[PDB]
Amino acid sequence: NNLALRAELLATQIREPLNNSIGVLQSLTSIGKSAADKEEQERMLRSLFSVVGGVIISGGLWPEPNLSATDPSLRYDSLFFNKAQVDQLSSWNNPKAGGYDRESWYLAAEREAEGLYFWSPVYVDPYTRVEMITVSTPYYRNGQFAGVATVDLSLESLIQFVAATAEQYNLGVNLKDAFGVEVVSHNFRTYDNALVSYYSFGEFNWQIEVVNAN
């Protein structure tokens, strides 16, 4: 019944939103590493999030904060965009609210080597209210860590894509993330010695188990 082949076909599709997110992150880091000023970066980021598709829903640039600045509005200067049209949000730069430099997705990438990517736990962004997984990476300027870039994946969009693809291939699938959270479970069950095909994504530390659908 070609289960292993169809499971590989499904894994290739599941890899697409994740490879897509990595590519967008590479574009974000190019912008963060550049000599463009704040307004030029805002324009490029707005354009970038306007053209990207798939499961990508928000993200942007998170400069290393200056917590010692006397003006509270100068401490945090993230460039964060949300795909509704594309809106720029300032909500994460609220000094009263702790800023962003202690968030899991910032800390994972902080001062890490360029070219490494980090995947957050599932969470609901407190300002866009979208349930999401974030991929992040550091960027540098003049040899020094300068900030974190992020891309947010819509969990709802990811679920729909994986389930619809598995249905098309007449498969059931469970997809778990690196924290053991069940991202998607679509028509998956085992009985009467049903074969299960397992695949581990080596770059993302995610896991799928696949069965034939009846």
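Numbering starts at 1 and runs along the sequence shown.
Gap between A84 and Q85: 1 to 3 deposited residues without coordinates.
Of the two segments, 200 to 208 and 10 to 18, the one listed with the higher mean B-factor is 200 to 208 (C-alpha atoms only).
In this crystal structure, the stretch out of 123 to 131 and 93 to 101 whose C-alpha atoms carry the higher mean B factor is 93 to 101. For the set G53, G180, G59, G172, the maximum C-alpha B-factor listed in the entry falls on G53. Highest C-alpha temperature factor among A166, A36, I159, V151, as the PDB entry reports it: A36. When all modelled residues of the chain are sorted by CA temperature factor, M44 is found within the highest third. Among the modelled residues of its chain, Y76 has a C-alpha B-factor that falls in the highest third, as given in the PDB entry. Annotation for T29: C-alpha temperature factor in the middle third relative to the rest of the modelled chain, per the entry.
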